[PDB]
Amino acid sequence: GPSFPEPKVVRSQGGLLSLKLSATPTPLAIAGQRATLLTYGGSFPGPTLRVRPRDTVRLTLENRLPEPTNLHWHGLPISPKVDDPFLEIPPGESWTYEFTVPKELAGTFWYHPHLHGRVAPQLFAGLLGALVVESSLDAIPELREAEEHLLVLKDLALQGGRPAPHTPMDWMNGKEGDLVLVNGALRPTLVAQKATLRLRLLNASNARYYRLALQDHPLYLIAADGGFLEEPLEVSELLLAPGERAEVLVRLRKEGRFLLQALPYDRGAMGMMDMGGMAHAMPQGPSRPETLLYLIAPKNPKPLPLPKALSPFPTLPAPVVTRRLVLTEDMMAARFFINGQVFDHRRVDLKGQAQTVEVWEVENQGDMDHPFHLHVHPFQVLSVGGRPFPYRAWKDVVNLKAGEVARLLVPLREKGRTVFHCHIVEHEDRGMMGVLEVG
C-alpha cells in the first residue's frame, strides 16, 4: 500500500452519508503483531467520515460488543438529542444517529464511545475514528495545492494479544501504552511529494499527551479543535492533549529526513514509592521522548506561500453570566470532582439559556493536567493561566495545568441536556463530569 497508512475514507454521496458500522472485537495485524481489538468498521482507527456543511449523516451503529455502548460525536455542535451522552445501546442492538452538518463549520472531529463508567476500556481497546468537515476554504490555492494527511495519535498496550487491562493506577492516572502509534502504525514513514503538507492532527489517546515538534521546522497552526484560526500562527511546538485536534501546515525547508517527535512532557502522572517508612505517591515526571513518524522531504522543496487569511472569527454577543467550575482530585481513591461533586446523571449542575453567551472560568486545583471538554457548545478560549490566547478559533477541549484558570467564552447553541467532563477518560469514568441543561 501507500508508504503512509491512513484510515479508509467514507465520503458523503449527493449530500448524504448513510453508513452502517459495527462495534466488534476484531482480529487484526497491528505494529507487526496479531491482536484482537474493539473496532468500528473492522479497522483501527475506524473509517474517516468526510462530509460537507449541510450534508445529512445517517449512521447506524450496531453493537456487537459484550457490553453496552454509544457514540459521542466529539466537537460537533449538533443537538444533544442526537449526540446523546445518556443513551445506551445494549449488546446486539442498533441505533441510528441522524443529523445535518451545521452550515458554519469546518475542521477535524471524531467519534468514540461515551457510556459513563465504560469509556476508558472501550476507547483504549480501539473504538474511535475521525470525521472531517470539508470547507470552501480548502479550495484556496495555498491549501488546495498542499499535500493533506490525517494523523490519528493513539497509543496502545497489548497483553496476551488483547488490549492490556486497566490497573488501579491506570484509573488514577489515565492509561498510557508503550506502543505509540500514528494511524495504528508504528513509526510510519511519510515520503512527501509536495513541499507543503497540510496535517490534520487528532489526539485519540485515553491520557497520553503529545508535545509535537518536527525536527528543524516550525509548524503553522491553521485550525484548532473546531474550526480555522483567523490567520496562520507560527509555533515551534504544539501540545495536543487528549481529545484535542489541530491542523498545521508544514513548509519543508530542504531535502532530508526529519523526525516528528512527542517531546518529554510532565502531565502530573503519579507513581508509588517505598523508601523506608512510606509508602507515598511520587511524581512520574516527564514522558520519555517518542518518535511518531519519519518525514522524508522531496527534492529541492519550494513550499507554497502561506495563506494570508483563513476564516474571520465571529463577533460574539456580550455574555450574560459567569460560571466558576473548580476541578479537584482524590488521587489515592481515584476520585475526581467538579465543584466538590462527582457526576450524577439525574442531577443538573448548570442551567443556561440558548443563544446567550456565558463566561466559564474553569480552575484546576489539582496537581495533574486536566483537559476540560464541553459537549455540543464549542467555545473561544480567552486565556489560560492568566495568559491571553494568541488566536481566535473554536475549541471544545482546553488543557489546564495544575493551578491554572481557563477563561472561556461559551455561546449556548442547541437546547437540551448535555455534559462537560475531563477528557482523560478514566477521570470521567471515575466522576469528573457534570450536567448542563440549555433551555
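One rule holds for the numbers: they count along the sequence shown, beginning at 1.
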item	value
Stretch with the greater mean C-alpha B-factor as recorded in the entry, comparing 123-131 against 161-169	161-169
Between the two ranges 98-106 and 219-227, the one averaging a larger CA B factor in the entry	98-106
Selection from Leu306, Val248, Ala269, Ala262 [criterion: highest C-alpha temperature factor in the record]	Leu306
Residue of maximum C-alpha B factor among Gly277, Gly366, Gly352, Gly75, per deposited coordinates	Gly277
Chain-relative CA temperature factor third for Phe44	middle
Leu28, C-alpha B-factor rank within chain (lowest, middle or highest third)	highest
Among modelled residues of the same chain, the CA temperature factor third for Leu310	highest
For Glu62, the third of its chain into which the C-alpha B factor falls	middle
Ranked against its chain, the third holding the CA B-factor of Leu19	highest
